[PDB]
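In the form deposited in one PDB entry, a lone chain appears below as structure tokens.
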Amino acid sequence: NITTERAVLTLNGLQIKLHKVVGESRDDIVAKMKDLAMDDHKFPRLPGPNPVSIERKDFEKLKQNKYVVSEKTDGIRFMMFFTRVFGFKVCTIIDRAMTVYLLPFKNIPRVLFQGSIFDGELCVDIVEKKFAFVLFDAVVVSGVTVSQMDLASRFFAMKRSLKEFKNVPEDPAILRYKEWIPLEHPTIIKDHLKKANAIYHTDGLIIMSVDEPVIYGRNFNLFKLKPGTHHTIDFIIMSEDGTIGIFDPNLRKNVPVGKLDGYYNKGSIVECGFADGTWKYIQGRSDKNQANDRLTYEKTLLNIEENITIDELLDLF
């Protein structure tokens, strides 16, 4: 049987109960996805790109090359994988740490189960108070590797397969497709962004190449933009006098970086924002035992400093 263990995900004040796939079953689903995705990376990862923050150096490239734009949905990143395990046709969603849950739909066409890997976000529909799964892109559809073709071909393949699918009320998520708008369409972009934000929780926008094949991992040509300067960092309290530190993952030692005004419990993790030269407390995190690493900190400072805004960005066009 597929050895499962139950789990509940909470997003935006709502929860979803799912069977987390465990042990050798988890191991086999992951190894199956690695083969279908033909990823020979020596480390377990999803066959999908992680965006990079937009930098002012990128503005040239944005204006030479072709790109599409969409809202950055705020929810959980999942690769959705249709396969067959021990004879049964299975729909799974895998997250970035390689944790596998079943997410079953009634009406998935049996072709998908020959090997579909679609990329998306599990998220909540504000208007409907139901979960939605929003598909960003496809890697393999019914056994056909679509990853090296251009974005419009990938969506053509994906939409083709699901063309006869209908959701039914008992399905655990509303399957929906990311509408990507061309980066030369500012008024169409703004309007799409306004409609998008009526339905979803968004964290800015994502800008993606119209024609490059799928990258797996950090994709230096997939850009995200946070609205305004609302970057935060999680620091560890290294002193009761609020000395905040940041983790160096290869020393495995926290390094002192600043100091907060107030009394703080050593070893806690505080989410802070930067304002006028110092970091300021926003909330303590009881759910974390580790600060953000140096890399995340260095890059967030650069972004704070550069202060790119969505209106600056959409006015380049």
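Residue positions are given as counts along the sequence shown, with the first one as 1. Residues that one form lacks are left out of the comparison. So that the term is clear: the rigid core is the largest set of C-alpha atoms that superpose within 1.5 Å between two forms.
Absent from the display: the form deposited in another entry. The rest refers to it.
- When the two forms are overlaid on the rigid core, CA displacement between the shown form and the other one of 2 Å or more is confined, within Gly245, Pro109, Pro186, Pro104, to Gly245.
- Relative to the superposed core, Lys20 undergoes a Cα shift smaller than 2 Å between the shown form and the other one.
- Once the rigid core is overlaid between the shown form and the other one, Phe81 does not reach a Cα shift of 2 Å, moving by less than that.
- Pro51: CA moves less than 2 Å between the shown form and the other one after rigid-core fitting.
- Panel note: the distance between the CA atoms of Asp27 and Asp287 is smaller in the other form than in this form, the difference being 3 Å or more.
- Core-superposed difference between the shown form and the other one: segments of three or more residues with every CA shifted 2 Å or more are 227-273, 280-299.
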